[PDB]
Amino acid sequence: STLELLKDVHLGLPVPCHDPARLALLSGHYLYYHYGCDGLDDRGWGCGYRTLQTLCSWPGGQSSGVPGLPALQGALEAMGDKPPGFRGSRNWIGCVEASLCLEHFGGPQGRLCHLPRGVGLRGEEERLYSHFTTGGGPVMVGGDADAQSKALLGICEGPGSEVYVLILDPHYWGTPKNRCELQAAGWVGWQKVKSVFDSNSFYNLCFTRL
């Protein structure tokens, strides 16, 4: 009768440092949306929608008001952001579309941020700490130029301020049994910012707040 998705899947993960100097995790709850999780086969193109659905699930960790992919595409058509025929298409979306859909469906507020080429998080480290500390939600990372949408759920750093971010990857295909399975395979996990955000690429972020 109901869509049974996994909740708060990062819980139980070890800190990626021996002695973290700073650590901030999101508050509130979210669900793990991923390829095909609702029966629609969006492999290869749907991951931006899946990350967006995760954002929509926060902070209640509830699926009941989270739109499906067709409804998301239909909203973009209705708003004039995409041409007729977009609904039913296999077109990808990113942070720009996500921010528009958040507003349309009354989801958390979605604030855009562009990261150009540069070191680390390009100066946005402090914003990310403050964001999570002040009740911020999952941060979408667009899938442009790497073909992988991701959500950011936390941030920490070691003694030398090498930063790690807690990443949620929506590319799982199948039915994940539990959060331990996701953690063991790295579908959710801490990663060094240097590896998540290639210094020679651009990234878009969409911060969620409520």
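Note that residue numbering follows the sequence shown and begins at 1.
Colleague: Could you settle it for me: does 137-145 or 56-64 have the higher average Cα B factor in the PDB entry?
Modeller: According to the PDB entry, the answer is 137-145.
Colleague: With respect to the recorded C-alpha B factors, which stretch has the higher mean value, 168-176 or 47-55?
Modeller: 168-176 has the higher mean C-alpha B-factor.
Colleague: Going by the CA temperature factor in the PDB record, which third of the chain does residue 13 belong to: lowest, middle or highest?
Modeller: Highest third of the chain for residue 13's C-alpha B-factor.
Colleague: Quick check for you: using the entry's CA B-factors within this chain, is residue 189 in the lowest, middle or highest third?
Modeller: Its C-alpha B-factor, which the entry lists for residue 189, ranks in the lowest third among residues of this chain.
Colleague: Taking only the Cα B-factors deposited for this chain, tell me whether residue 3 sits in the lowest, middle or highest third.
Modeller: It falls in the top third of the chain.
Colleague: Check where residue 75 lands among this chain's C-alpha B-factors and tell me if it's the lowest, middle or highest third.
Modeller: It falls in the bottom third of the chain.
Colleague: Taking only the Cα B-factors deposited for this chain, tell me whether residue 102 sits in the lowest, middle or highest third.
Modeller: As the PDB entry reports it, the C-alpha B-factor of residue 102 lands in the middle third of its chain.
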